[PDB]
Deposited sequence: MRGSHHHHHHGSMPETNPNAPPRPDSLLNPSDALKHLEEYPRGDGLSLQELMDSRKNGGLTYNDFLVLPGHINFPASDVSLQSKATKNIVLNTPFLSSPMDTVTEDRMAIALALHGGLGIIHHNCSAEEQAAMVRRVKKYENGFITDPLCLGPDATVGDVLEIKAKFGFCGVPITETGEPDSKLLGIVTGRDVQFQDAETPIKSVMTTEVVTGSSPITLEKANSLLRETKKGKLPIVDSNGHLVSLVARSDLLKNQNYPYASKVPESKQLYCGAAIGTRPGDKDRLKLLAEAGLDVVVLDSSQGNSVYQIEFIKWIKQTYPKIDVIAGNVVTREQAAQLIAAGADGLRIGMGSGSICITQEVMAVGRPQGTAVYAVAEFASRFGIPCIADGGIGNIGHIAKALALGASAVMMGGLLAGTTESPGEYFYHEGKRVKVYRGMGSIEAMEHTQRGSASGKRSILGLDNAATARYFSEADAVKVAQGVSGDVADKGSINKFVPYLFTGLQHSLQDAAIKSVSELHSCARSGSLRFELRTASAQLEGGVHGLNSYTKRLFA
């Protein structure tokens, strides 16, 4: 028998009974999210490996809510976080993105004093109705990243003093005793500063950080545009499967998940959210913008900015597959210093003032096509099997 359709009728059916006959089918058209994200059946999937199937439209795209949670206590009007990278997020980006309803995560490749001064400028900043404002203060929300070394405790204290709302524990692999203990330390020292723990790609890693007290999870290992060629990497996970697996588990505890790495367009954003992510983090997509740090320069007629991985030799010196313009494939500088990312340049993207509304509109249109009015409904329909998917072959 046909497992995808009921037996064919003997004679033509009445078109007015089409909706009744649709209910006789053994399963929905395409795949459920649970069927798509099966490691044994389909392997590890990236965003480009599948599509979301269209649903029913009964609302304009302007009615779509993109409201989501970055952490268990932080609600954002736009599910966009800028990456804590020295060529992506400083105070200018953190302010601009917050004004558009997103959230900036200021990098830590500077002294704790310089970082605290950047956090302070975001918090003190004074047309933008979607603005990410802290409810009782009306100040813009501010995030920042730190490592999990003993000296990071003192760094966080200066950041807390500067008015920090949320902290990102910056790591290629957050499932360590060092990060687990550091989370517990923040939960006891600063209970009001939300903790985004990671990076994680497995359910087992997520469970450790959820139990430690993480308020949000940063998902991704090897997915970044400036990440060393994956043919050179041994440990990681394809981003789609990573986003699904972690959020499938984390959502049971109400812990929002941030899809970090490999977001190159609106489609990637829609797909990451459709997989269970509550928000996305962008490095590459926000690099080369006016609000990003670093100077513009010309490279063979093109106006560019440097965009680099934080594990690149250049970023580590205290001063790679999918990528825009150019890049250099470095591997080592010191035998002890193993490069984990690349340094290159990205073309001028203009201001985020024009770019972020484009991403916002495009995402409302994508959710409308899927028949979805909110991120909450997107997730609910993904878990129920109402929201359908289809794998795409090479061609």
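- Several segments of the deposited sequence have no coordinates for C-alpha: 1-15, 142-256, 450-461, 538-556, numbered from the first residue.
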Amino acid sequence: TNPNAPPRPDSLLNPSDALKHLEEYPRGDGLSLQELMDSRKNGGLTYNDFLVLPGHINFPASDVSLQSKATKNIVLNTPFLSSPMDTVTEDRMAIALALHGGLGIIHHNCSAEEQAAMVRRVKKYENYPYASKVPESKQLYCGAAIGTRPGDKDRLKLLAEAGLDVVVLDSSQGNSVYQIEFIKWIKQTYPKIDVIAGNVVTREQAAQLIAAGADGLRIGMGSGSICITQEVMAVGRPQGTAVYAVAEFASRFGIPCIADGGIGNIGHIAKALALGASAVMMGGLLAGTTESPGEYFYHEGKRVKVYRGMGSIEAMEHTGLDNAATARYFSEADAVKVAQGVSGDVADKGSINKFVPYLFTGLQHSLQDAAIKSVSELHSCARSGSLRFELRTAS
From here on, numbers count along this sequence of modelled residues.
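- For the segment pair 293-301 and 139-147, the entry gives 293-301 the higher mean B-factor, averaged over Cα atoms.
- Averaged over their C-alpha atoms, the temperature factors of 227-235 and 277-285 are higher for 227-235.
- Going by the entry's values, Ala347 shows the largest Cα B-factor out of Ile57, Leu33, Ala347, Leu51.
- The PDB entry assigns its highest CA temperature factor, among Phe80, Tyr125, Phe249, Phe182, to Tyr125.
- Ranked by Cα temperature factor within the chain, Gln115 sits in the middle third according to the deposited record.
- In the deposited entry, the Cα temperature factor of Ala371 places it in the middle third of its chain's modelled residues.
- Ranked against the other modelled residues of its chain, the C-alpha B-factor of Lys20 as given in the entry falls in the highest third.
- Ranked by C-alpha B-factor against the other modelled residues of its chain, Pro129 falls in the highest third.
- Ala333: CA B factor in the highest third of modelled residues in this chain (values from the PDB entry).
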